[PDB]
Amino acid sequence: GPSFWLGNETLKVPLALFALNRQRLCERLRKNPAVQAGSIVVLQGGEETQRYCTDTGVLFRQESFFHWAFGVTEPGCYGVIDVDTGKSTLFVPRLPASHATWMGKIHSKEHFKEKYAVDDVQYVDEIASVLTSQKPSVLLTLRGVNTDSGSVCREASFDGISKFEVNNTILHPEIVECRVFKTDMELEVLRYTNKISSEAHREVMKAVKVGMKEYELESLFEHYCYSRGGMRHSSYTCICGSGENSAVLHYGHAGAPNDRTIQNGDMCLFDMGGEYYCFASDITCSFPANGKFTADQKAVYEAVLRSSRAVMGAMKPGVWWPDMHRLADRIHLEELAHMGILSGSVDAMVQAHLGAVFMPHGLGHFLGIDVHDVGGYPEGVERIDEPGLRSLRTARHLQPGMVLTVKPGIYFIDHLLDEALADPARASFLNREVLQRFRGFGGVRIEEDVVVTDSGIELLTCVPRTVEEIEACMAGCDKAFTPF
């Protein structure tokens, strides 16, 4: 069948990938007691947008549920799926003649049918007529709450939909659950996004020089990803934190826009991941700006390397993800004590939630169509009300087919450290004489993308990780490393 491809050495993605997602969704819905015969799933694609009130077009990126079901790159579409038969119909915009002048060829419906390997193609303005002719029992539309943003998914609507029976409660948890479990075809794409982003991270490590602006490496990363990988988008805004900025978890946004000059002695924390055909990657590399770890940098870095590898070694089906977070916390505390930053009983440190001072974010999250992927907190799964753990984006147990980021880190964040020092329950663990040395250090984060398998995990990411490997890469020796 047909494939999405951007030529050169980019990945051919079979449109069969999306056909399989539609089949899986129907199979799940048919087993749902709330679903009656003759139901039709109705999804609305994203539309073109502009900057504010201007005619400056914003580059269109498809809505993630719609992409998952159809793989369609054009704005203004709808898509429906007959649950009982699996029959898929794509609705495409009926374009004005002038489109041919300004935007390009006005493709036929048959062109789109062949391109996307759907069963039928119709024009958007015909959706009420076409659905009326099929005499559905109920239309199943998308509405639910994203547990990372708090936003409500946009339910499909069209002229005449009020004449149909519409249910907007059934679909969301079911299509979310399908997205949680990646197919082998989806894993092929995520292997590829990790391949290209890993290569780009290695090029950045080779290119980094003291005196550069952070954004020079953002630019280089995205250029590798696009020109070599066909990744027109990143999965999220690049985080290129040097020096103290490496303690800022989502550094690089408009308010802190990767605009610091990299200094000798700084640590760098570069959290970047290209997106290919709306599939994510998320990789974080930490390294010394000048290519040589100091003793202090090595100690903090290897503490996080230890927790990274311990978690990857422990992950397998049945493991409760919050237990992996607590494992990372315990290892960070052990290593911070071994460094002289902390002293006393590590058991007592754990009981006092001291780990969250140094890692105030969740250990990792689902990854897929969205970098913070859906389904972390389905009904019944509760957020843990403790420091650090409350920021986990899932409290689920691991099962084969899930894709997770594993992103432990240690940071020196002044207001968190100062809170701890003001707190009798935590203050005694801290050795200020040693800690003062790490004020303004920033932090280290080491992030891998992995698949949960029957036997453990498959590591997708391929970047240098030991001190020796990283120093070699920065010296231009990027291939001299061996993944976990």
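Start at 1 with the first residue shown and count on from there.
Look at the C-alpha B-factors of 401 to 409 and of 83 to 91. On average they run higher in 83 to 91.
Annotation for 439 to 447 versus 54 to 62: the higher mean temperature factor (C-alpha) is found in 439 to 447. Per the PDB record, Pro136 has a higher Cα B-factor than any other of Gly375, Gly364, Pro136, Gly144. When the C-alpha B factors of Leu459, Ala422, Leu43, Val452 are read from the deposited coordinates, the top value falls at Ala422. Among the modelled residues of the chain, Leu20 sits in the middle third by CA temperature factor in this PDB entry. Among all modelled residues in this chain, the alpha-carbon of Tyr277 has a temperature factor (C-alpha) in the lowest third.
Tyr226: CA B factor lies in the lowest third for its chain, per the PDB record. Placement of the Cα temperature factor of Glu382 within the chain: highest third of the modelled residues, per the deposited record. The entry lists a Cα temperature factor for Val463 that places it in the middle third of the chain's modelled residues.
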